[PDB]
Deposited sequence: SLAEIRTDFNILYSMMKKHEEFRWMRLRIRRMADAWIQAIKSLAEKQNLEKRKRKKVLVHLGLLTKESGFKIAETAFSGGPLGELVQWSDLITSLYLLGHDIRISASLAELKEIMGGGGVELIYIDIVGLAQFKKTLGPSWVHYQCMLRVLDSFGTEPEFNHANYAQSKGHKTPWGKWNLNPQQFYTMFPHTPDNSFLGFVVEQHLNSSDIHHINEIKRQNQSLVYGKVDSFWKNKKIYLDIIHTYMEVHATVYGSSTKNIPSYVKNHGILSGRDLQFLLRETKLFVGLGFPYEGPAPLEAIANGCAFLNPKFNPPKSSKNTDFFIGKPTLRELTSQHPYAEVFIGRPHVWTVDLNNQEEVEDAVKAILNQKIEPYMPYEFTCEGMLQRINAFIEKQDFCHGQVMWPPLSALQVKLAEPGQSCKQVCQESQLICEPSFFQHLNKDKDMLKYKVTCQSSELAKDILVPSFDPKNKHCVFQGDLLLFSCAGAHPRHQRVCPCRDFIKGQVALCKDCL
């Protein structure tokens, strides 16, 4: 019953051959196999990985079911979306290497069969698959609720997750209203502290034409109305493309869709990877940076959200994007990432001229390496418990309380102290007695069911405490009062984990 690290992919390869729909994912795993095996052994030398119970794990890929009508496997090789497939590939690989008993499903039959057999201890699924899970199992689906880890790339804010509160605000999201512990949502980037950061691994194969730029956007429509911007870059640089077509100027050198090996070799010799503004928060820019390319990161002033961007309407968040790649912007920055308004011609020109004159190294944040990802997911599996069975994680010792000023969210105030909001600690900040510990003195108080509390008015020393524990929210600014915010430290380059969380 104890987990043994796997260093051989033969069983994973047989598992991935059962469905055609896993083909793209199988090629990625085979290209990164050596780096994966190097990282599980390396992690095992740094950390006792013994004494872990082997878990029976459901991995249900809703996006690859017919019934979903997503047809994501059918566009994998022709410029279709791959970020979800990137993340699913790396999640499956990590579970496999860490020695767990994985049962993969891309169908209602396998979902039913695997659950039928019992002993499932852990469930990875997407929101489309979660609807299927509830429908296939019936009312006893809720018995398995605390085991769900829900891969939700853009994240779910608590106001969208609480079904009744969401209705009361007129949130029509088809993605929300699941009433989970919002830490059960697993995001693509660490942009939503209400959720967990799952991420993925940035592919790279290193052991450069200074003039060569490569445009981000493997679909022609993404290039709509970028002619002036591309012209600026073309004044200094060749402009290449990987596009599967009358938006793409005449001077653009289109290589077509490249297989990962060949795309990775084009990144190796490219000086500048160029963002057009779409798509949002994908892997491709981190691949460019891992290959020593600068990334030109379109800045959004004002920031993009459901308030002003059609793509975001219906998504279970009000999160504002400051750039095409806010993670690249804030967690990498210069010299690797240049965040520029495509409007300000000077800004764009100076960025290109500087990029030409820079000498930069390949860079990967630790959390996006094989070993980083294995450490993050191993800590989640061993320590993250919503089934009340284990000791408190993260541990109470990690709690740092900060007061958010009016118009500042808990996300922002934790971040401004190089901490991260830790929603599992809201429970320790929610009554008169507890606030004394954190030098807030409540002259009066009341309860409220609001995402903005616990709140404190320092003028009349009045405390509002949370009436509905499902509405605890790192997201959200009080326009008038201070918020009492739970923060935590993180391991350097590993924001998912507190220093005492391993």
{"item": "Missing residue ranges, deposited sequence indexing starting at 1", "value": "208-217, 255-257"}
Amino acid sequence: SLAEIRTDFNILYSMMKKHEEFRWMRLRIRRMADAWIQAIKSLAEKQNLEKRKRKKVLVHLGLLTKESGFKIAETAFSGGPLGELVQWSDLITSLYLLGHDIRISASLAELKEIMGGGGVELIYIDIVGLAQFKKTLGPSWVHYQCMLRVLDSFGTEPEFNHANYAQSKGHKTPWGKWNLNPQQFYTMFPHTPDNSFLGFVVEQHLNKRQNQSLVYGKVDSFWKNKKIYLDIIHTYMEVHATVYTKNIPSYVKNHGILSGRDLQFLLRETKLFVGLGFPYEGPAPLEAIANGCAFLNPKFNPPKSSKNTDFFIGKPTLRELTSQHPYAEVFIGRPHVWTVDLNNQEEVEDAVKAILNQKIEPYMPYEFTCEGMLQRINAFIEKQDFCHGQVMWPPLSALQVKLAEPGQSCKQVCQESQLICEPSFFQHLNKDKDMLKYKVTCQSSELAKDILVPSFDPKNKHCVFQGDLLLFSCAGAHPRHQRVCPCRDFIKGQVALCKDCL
From here on, numbers count along this sequence of modelled residues.
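In this text, rigid core is short for the largest set of C-alphas that superpose within 1.5 Å between two forms.
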{"property": "Stretch with larger C-alpha RMS deviation in 4 other deposited structures of this protein, core superposed, 179-187 versus 257-265", "result": "257-265"}
{"property": "More shifted region, core-based fit in 4 other deposited structures of this protein, 102-110 vs 215-223 by CA", "result": "215-223"}
{"property": "Missing-residue flag, residue 36, threshold a third of other entries", "result": "no"}
{"property": "No coordinates for residue 78 in a third or more of the other PDB entries", "result": "yes"}
{"property": "Residue stretch of maximal mean CA temperature factor, 396-404 vs 178-186", "result": "396-404"}
{"property": "Mean temperature factor over C-alpha atoms, higher-scoring stretch between 417-425 and 230-238", "result": "230-238"}
{"property": "Out of 29, 44, 477, 474, residue topping the C-alpha B-factor column of the entry", "result": "477"}
{"property": "Selection by C-alpha B-factor (highest) of 321, 248, 377, 214", "result": "248"}
{"property": "CA B-factor placement of residue 483, once the chain's modelled residues are sorted into thirds", "result": "middle"}
{"property": "Third assignment of residue 458 from its chain's C-alpha B-factors", "result": "highest"}
{"property": "Third of the chain, ranked by Cα B-factor, where residue 365 sits", "result": "middle"}
{"property": "Residue 440 CA temperature factor, ranked by third within the chain", "result": "highest"}
{"property": "Assigned third (lowest, middle, highest) for the C-alpha B factor of residue 111", "result": "highest"}
